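Report on the structure given below.
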Amino acid sequence: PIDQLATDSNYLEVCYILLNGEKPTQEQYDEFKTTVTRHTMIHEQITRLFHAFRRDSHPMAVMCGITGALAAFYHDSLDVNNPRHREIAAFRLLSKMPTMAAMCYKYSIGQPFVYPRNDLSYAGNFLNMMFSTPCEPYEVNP
Amino acid sequence: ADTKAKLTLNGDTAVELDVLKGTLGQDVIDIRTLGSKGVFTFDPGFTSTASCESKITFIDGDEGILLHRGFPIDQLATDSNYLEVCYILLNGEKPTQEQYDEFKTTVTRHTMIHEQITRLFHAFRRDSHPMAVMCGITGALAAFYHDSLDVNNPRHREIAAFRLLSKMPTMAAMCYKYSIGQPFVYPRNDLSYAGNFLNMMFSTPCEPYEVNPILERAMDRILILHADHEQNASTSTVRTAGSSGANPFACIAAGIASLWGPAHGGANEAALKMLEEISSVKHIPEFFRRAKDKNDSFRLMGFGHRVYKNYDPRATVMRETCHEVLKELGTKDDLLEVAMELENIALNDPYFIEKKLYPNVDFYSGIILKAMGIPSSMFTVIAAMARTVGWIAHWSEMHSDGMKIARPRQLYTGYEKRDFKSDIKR
Amino acid sequence: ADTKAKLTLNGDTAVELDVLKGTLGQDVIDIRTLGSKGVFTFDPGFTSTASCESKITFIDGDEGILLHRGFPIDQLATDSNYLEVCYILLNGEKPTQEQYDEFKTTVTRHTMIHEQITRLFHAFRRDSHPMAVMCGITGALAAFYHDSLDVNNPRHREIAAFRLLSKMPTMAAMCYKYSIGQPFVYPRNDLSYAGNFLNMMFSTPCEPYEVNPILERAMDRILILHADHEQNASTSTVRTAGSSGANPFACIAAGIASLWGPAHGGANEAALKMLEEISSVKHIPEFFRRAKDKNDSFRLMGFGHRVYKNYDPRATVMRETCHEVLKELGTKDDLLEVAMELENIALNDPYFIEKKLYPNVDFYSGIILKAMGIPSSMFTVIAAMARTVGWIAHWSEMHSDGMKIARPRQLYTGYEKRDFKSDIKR
């Protein structure tokens, strides 16, 4: 039931559950969480597509813009009929969305992009990528 | 207090002119009615015309007096820091710790400049004199900060004041980094205005930067001492651009330009021509260049000032400050004994002693900056940077009074109405 | 020959002042040496103070008279051309064939903007106002063309000027193309000033663009009617800034920011608030917006002007031209028939007869520009582009007048000296 999942679980485990059909053992969770963390940083050239969209752009128009241009950069994980390829894609898209969404916001407001922090939870990392700046430390309120 | 009531003008009919009094300085004759009464005075330069009523800065050159809201520049420089002087100048009073904290927090809240603006920097050629980049960047701000342009709206002037207040040190720091090829440094909240600026100018990503407490005070002082200087030329332009509607960002850009006009306006070799004759006649370790140079003297080298008669009041604490810095940067400040020699010259040479080419504030500032690795290309940027509060205040004041648009008269001396019949056929 | 002799000021004793006469208009009371007696005048706005002697343009506000070098505006606007008029403003007399042809040549050979400035443009937002971009690029011209900021050099000055006249249009049109998303167009040395501008405004790679003679002629008259307009706030801004030795460009950039100051300075909805209430109360096809809008009247919409009493002398030709163009573009300006109704309202509506809101030149310039297909925002841009030849005439006339530095006084009414004691710790 969505109720228990929301109260007793965190987003990352729900990702595992949804994708595999079962809840994760601490080991599977660690392994899943580490893989995700292993693919958070988006290629730097892609970050150059952001400076081509007008600043005024509704962030959601930039998200469709950036996501539809990924295939050009991540061209090796496109054999949809290949099982290993679907998996690499799953994690690529899984890991990088919070990164790109965070950039969409920063970009529209004129602040510098913030990189993914490994020592931060999926949710805390996102709060951190959306609101912190290089001018002062950001306190992720629990 | 003899005629602080009235007086009379007589052309063909006697006009009753009220005499207005100031709390310090000379009095004035309210002539805002002659115009209508078909009477105009003639004063190119406005040397005999009060352009406004002000409460910000009082000067008395003959006696070397300089007050910011009644406070002598000396105390302000020693007992205060740049940020408080900003508050004082802007509000007319010293701040209570609470008002200070609130003022200091707001400033801190607007230090980072929009990133797109940072993309205008890469369009200017690297070689650009930083001060040409500062007028370039400041005059392009209005395009980015388009919501704080209703100069007639009180909330708008305030947002601008802080925007321009907070971001100048940031932009000035970038102007320097850019010209030298190092990465830009962001504003640090845990750093004082002065220390943050030293940090934004000199640190790199390769090693931690140690803000020396000494230089940090010498910088602050440099900043307080260049805060404002009454209705000088650049400030007159500010109020003039502003009275004609012009947005705040554009006013400062205009002020900034009017400020360094005498820098390049002298000549491609004004005070530069002899900076090149320090190679063929360098047989004498001093009178070769910057001692035989000034054929056309310059207060821009730090000698003399058209305002103060015998001495620049601001230079007192600046000379003291200069001493500590040299006494700190130890074995890196030795060669700089030409400062010791130059002063001595400005003090004991008949010419100088005659035309009063006394060392002014910028003389000691320059040495401090020069002793700080800072390039002469940045000297103006700092002065203007610091002078920005002085401009914002004067701009804010002009509005409160009513932003009386600039519409001076002229004495037409050209042709009388003549007929036109094209002399060309092309 | 009345009081053309002298006059006297009496504080408690007499003082005799001259009364220099002009070739036209009012003569002025010379008060140049008063300052050297402590005696000062008080005149915020300078409306009873001749700030200079000029021989460029003459205006008798009440007689609706506009003279340029003596040549009636309507005579130039009808039988001359922009450059020939530019030559008259800068040279004081109508040119010979050789003088003109020479001038023209020089102007077409320097109409390009450094390839590096193209990049600056790109660093701006696409949604930026074409006027802001316009200020930004002009305030940044100093960081590039750094071979002519020496104001005291007639060579530099003459070059600096010629660059502005040649490049301003290229610049103005480029703000447009960037504002709409079309590629920039390079000038054509074969076309006229006006025809060349229209081409850069509307030329597209897709095919050759042919300018309409009536449209080409119309634009040239829009320019002529904007080339100069005496000592207004914007020219005074160019004059004051220049008095300090500020490079040519910085002074031109201030004139622009000053020229549209009344526009943005109004407010996010000054003459815009009611431009939004044309949706809920559009039951009446006219008095709904631009007929019920002005609660705080505006000469910026084309109604009235402080300078003239009954009419604008520039509106004569511009209106006649306005008829030929609507007539020409015919079935494209059928809808823009509200032009005669606003002209009708201004003329008859009591609210306009009461406030003397007569259609000035910007009323019909606006009509012609809308007809040609030029966005509203591009109006003060084109207006400023046209006025720059005038700004240069003044700024240059100023640099020949011994260049008196604008150093005004002030009625100081603030705190008398008082010691400073800070009660904070931060």
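Following the order of the structure tokens, chains are lettered A, B, ..., residues in each are numbered from 1, and ligands are numbered from 1.
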
Produce a table with one row for each residue of chain A that has an atom at most 9 Å from any atom of chain C, each row naming the nearest atom pair and its distance in Å at one decimal; use only C-alpha atoms; arrange rows by chain and rising residue number; format as a Markdown table.
| residue | atom | partner | partner_atom | distance |
| --- | --- | --- | --- | --- |
| A:54 | CA | C:126 | CA | 6.8 |
| A:55 | CA | C:125 | CA | 6.9 |
| A:56 | CA | C:127 | CA | 7.4 |

Find the residues near residue 113 (chain C): any atom within 8 Å, counting only C-alpha atoms, skip ones fewer than 6 places away on the same chain, and give them as an mmCIF file with C-alpha atoms, in the first residue's frame.
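Output below, filename selection25.cif:
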data_model
loop_
_atom_site.group_PDB
_atom_site.id
_atom_site.type_symbol
_atom_site.label_atom_id
_atom_site.label_comp_id
_atom_site.auth_asym_id
_atom_site.auth_seq_id
_atom_site.Cartn_x
_atom_site.Cartn_y
_atom_site.Cartn_z
ATOM 1 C CA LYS C 167 28.349 52.675 -36.036
ATOM 2 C CA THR C 170 24.582 49.210 -37.218
ATOM 3 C CA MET C 171 24.354 48.936 -33.442
#

Worksheet item: Got a sec: who's within 12 Å of residue 180 (chain B), counting only C-alpha atoms, leaving out chain neighbours fewer than 5 positions off, as a PyMOL selection string?
Response: chain B and resi 125-130+173-175+201-202+374-375+377-378

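Shell of residue 82 (chain B) at 7 Å, with only C-alpha atoms counted and residues fewer than 2 places along the chain excluded, is residues 80, 84, 85, 86, 220, 223 and 224 of chain B.
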
Can those selected residues be exported to a file as a PDB file, in the first residue's frame so that it contains N, CA and C atoms?
ATOM      1  N   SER B  80      35.599  53.191  12.994  1.00  0.00           N
ATOM      2  CA  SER B  80      34.571  52.452  12.265  1.00  0.00           C
ATOM      3  C   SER B  80      35.136  51.571  11.149  1.00  0.00           C
ATOM      4  N   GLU B  84      29.797  50.026   8.317  1.00  0.00           N
ATOM      5  CA  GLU B  84      29.026  50.926   9.166  1.00  0.00           C
ATOM      6  C   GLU B  84      28.939  52.301   8.525  1.00  0.00           C
ATOM      7  N   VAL B  85      30.034  52.723   7.901  1.00  0.00           N
ATOM      8  CA  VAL B  85      30.086  54.012   7.222  1.00  0.00           C
ATOM      9  C   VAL B  85      29.052  54.013   6.102  1.00  0.00           C
ATOM     10  N   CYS B  86      28.813  52.843   5.512  1.00  0.00           N
ATOM     11  CA  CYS B  86      27.811  52.718   4.457  1.00  0.00           C
ATOM     12  C   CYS B  86      26.458  53.019   5.083  1.00  0.00           C
ATOM     13  N   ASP B 220      40.064  48.254   4.442  1.00  0.00           N
ATOM     14  CA  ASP B 220      38.858  48.853   4.996  1.00  0.00           C
ATOM     15  C   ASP B 220      39.028  50.367   5.007  1.00  0.00           C
ATOM     16  N   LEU B 223      38.903  51.991   1.860  1.00  0.00           N
ATOM     17  CA  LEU B 223      37.500  52.010   1.475  1.00  0.00           C
ATOM     18  C   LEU B 223      36.674  53.101   2.145  1.00  0.00           C
ATOM     19  N   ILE B 224      36.877  53.302   3.445  1.00  0.00           N
ATOM     20  CA  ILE B 224      36.131  54.337   4.166  1.00  0.00           C
ATOM     21  C   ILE B 224      36.557  55.710   3.651  1.00  0.00           C
TER      22      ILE B 224
END

Q. Running DSSP on the backbone, which parts of region 341-383 of chain B land in alpha helix (DSSP H), as a PyMOL selection string?
A. chain B and resi 341-348+350-355+361-371+379-383

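Superposing chain B on chain C by least squares over all C-alpha atoms, matched in sequence order, gives an RMSD of 0.5 Å.
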
Between CA of residue 321 (chain B) and CA of residue 83 (chain B) - distance in Å to one decimal: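 Calculated distance between CA of residue 83 (chain B) and CA of residue 321 (chain B) is 18.3 Å.
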
So how far away is CA of residue 99 (chain B) from CA of residue 165 (chain B), in Å?
->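 Answer for the CA of residue 165 (chain B) to CA of residue 99 (chain B) separation: 16.7 Å.
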
Considering only C-alpha atoms, can you say which of B:278, B:31, B:39, B:307 comes closest to residue 11 (chain B)?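 Ranking B:278, B:31, B:39, B:307 by distance to residue 11 (chain B), first place goes to B:39.
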
Distance query region 355-368 of chain B at most 10 Å, only C-alpha atoms, self and fewer than 5 positions along chain excluded, as a PyMOL selection string:
chain B and resi 215+218-219+221-223+225-226+297-305+308-326+333+336+338-339+342-347+349-350+373-376+379-380+383

Note to self: For residue 271 (chain C), find every residue with an atom within 8 Å (counting only C-alpha atoms), except residues of its own chain fewer than 6 positions away, and show them as a PyMOL selection string.
What the structure shows: chain C and resi 293-294+296+298

Practice prompt. Find the residues near residue 100 (chain B): any atom within 8 Å, counting only C-alpha atoms, skip ones fewer than 5 places away on the same chain, and give them as a PyMOL selection string.
Written response: (chain B and resi 84+87+95) or (chain C and resi 424+426)

request  = Going by DSSP on the backbone, which bits of region 178-371 of chain C are strand (DSSP E or B)? Write them as a list in words, please.
outcome  = residues 204, 207, 303 and 359 of chain C

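For the choices B:1, B:66, B:151, B:161, the atom-to-atom distance to chain C is smallest for B:151 when using only C-alpha atoms.
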